[PDB]
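Just the heavy atoms: all of them, side chains too, but no hydrogens, waters or symmetry mates, feed the values below. Residue numbers count from 1 along this sequence.
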Amino acid sequence: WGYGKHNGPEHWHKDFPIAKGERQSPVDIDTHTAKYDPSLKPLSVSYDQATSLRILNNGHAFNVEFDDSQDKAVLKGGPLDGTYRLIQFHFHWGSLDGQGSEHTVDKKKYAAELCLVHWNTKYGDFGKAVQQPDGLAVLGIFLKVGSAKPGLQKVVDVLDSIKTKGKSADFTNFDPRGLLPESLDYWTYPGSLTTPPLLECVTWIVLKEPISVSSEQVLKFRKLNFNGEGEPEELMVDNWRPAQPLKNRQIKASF
Ligand SMILES: [Zn+2]
């Protein structure tokens, strides 16, 4: 599976039938239709104790992994029940500034989308959680092109070392707090993973407020390779899945 003409998103349903399931992601956030829910509690992000370990190029994006053996970096509150532990963060970008986000707002697409993945500690591990309807919580943040984002610079400078598929690099002491907008206002809906196996185990939390990155930061992303080292070079560009049918589901807003 991949993002090319022969293995792209239009093809995943052959191997992964849930691809046409009932609570697939991403989706278009219609702001006029989303329902203000007064019963939604503020998000609670506790990442001061986060421990980053490494960054790796898995052939479809680059995951920054964190030590999830203890409640060091957690998400709670909002529409969530229980404590969710931060396991990794990755991005989805495009070949041009006009595209790259997965989730769209009123049909508007952003240069990129940041996903912070967390799993419910009631399930013991990540593997058990993907098996549950309330097993994951993904904090989605959009990226627009403007001024640079200081907190993103350490990730950008290490890309060179993980250019191709299978590469990894020690990546300790990275603080994800540096990637958050000022406002924690959000939209939430029941969805799924946006890459195979597309398990319908996620409570999506999409931030209203986007973060701005400079043109050059985003450019360093576009230099990654889908291919392994020693193979023809395929730029990691447009690793995003098109919007899926909402299908009855409701998107609630915290504002
Ligand atoms: Zn993602």
**Request:** Show the numbers, then the answer: is there a side chain to side chain contact (heavy atoms under 4.5 Å, CB included) between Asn57 and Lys163?
**Result:** CA-CA 7 Å; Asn57 178 324; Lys163 191 184 182 75; 5.7 Å; no
**Asked** Under a 4.0 Å N-O cut-off, is there an ion pair linking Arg177 with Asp48?
**Response** no
**Prompt:** Relative to the ring of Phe221, is the ring of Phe62 parallel (under 30°), tilted (30 to 60°) or perpendicular (over 60°)?
**Reply:** perpendicular
**Message:** Could you see if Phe91 belongs to whatever hydrophobic cluster contains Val64? Use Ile, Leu, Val, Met, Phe, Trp, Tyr and a side-chain cutoff under 4.5 Å.
**Reply:** yes
**Asked** Does a side-chain heavy-atom distance below 4.5 Å link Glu113 with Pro26?
**Response** no
**Request:** Classify the side-chain pair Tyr84/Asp134 by whether it contains a donor and acceptor separated by less than 3.5 Å.
**Result:** no
**Request:** In sequence, state the C-alpha distance, the side-chain angles, and the governing distance for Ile141 and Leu180, and then conclude on side chain to side chain contact (heavy atoms under 4.5 Å, CB included).
**Result:** CA-CA 8 Å; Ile141 302 181; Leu180 297 186; 3.3 Å; yes
**Asked** With a 4.5 Å limit on heavy-atom distance, are the side chains of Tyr123 and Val130 in contact?
**Response** no
**Between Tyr3 and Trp240, ring centroids under 6.0 Å** = no
**Prompt:** Do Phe174 and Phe89 have their ring centres less than 6.0 Å from each other?
**Reply:** yes
**Asked** Judged by modelled atom types alone, do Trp119 and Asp68 share a side-chain donor-acceptor pair under 3.5 Å?
**Response** yes
**Message:** With a 6.0 Å cut-off (strictly less than), is the heavy-atom count around CG of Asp170, excluding the residue itself, greater than 12?
**Reply:** no
**Asked** Any chain of hydrophobic side-chain contacts (each under 4.5 Å) joining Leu207 to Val105?
**Response** no
**Message:** Side chains of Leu193 and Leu136, heavy atoms from C-beta outward: is any pair under 4.5 Å?
**Reply:** yes
**Distance-only side-chain donor-acceptor flag, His60 / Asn58, under 3.5 Å** = yes
**Message:** Less than 6.0 angstrom separating the ring centers of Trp204 and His103, yes or no?
**Reply:** yes
**Prompt:** Would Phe171 and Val156 show up in the same hydrophobic cluster when neighbours are defined by side-chain heavy atoms closer than 4.5 Å?
**Reply:** yes
**Item:** Cluster check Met236, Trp12: I/L/V/M/F/W/Y, side chain < 4.5 angstrom
**Value:** yes
**Asked** Do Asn225 and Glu233 have side-chain N/O donor and acceptor atoms under 3.5 Å apart?
**Response** yes
**Prompt:** Has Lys72 got its NZ or CZ under 6.0 Å from the middle of the six-membered ring of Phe66, at an angle within 45 degrees of the ring axis?
**Reply:** no
**Prompt:** Is the shortest side-chain N to carboxylate O distance from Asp160 to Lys167 below 4.0 Å?
**Reply:** no
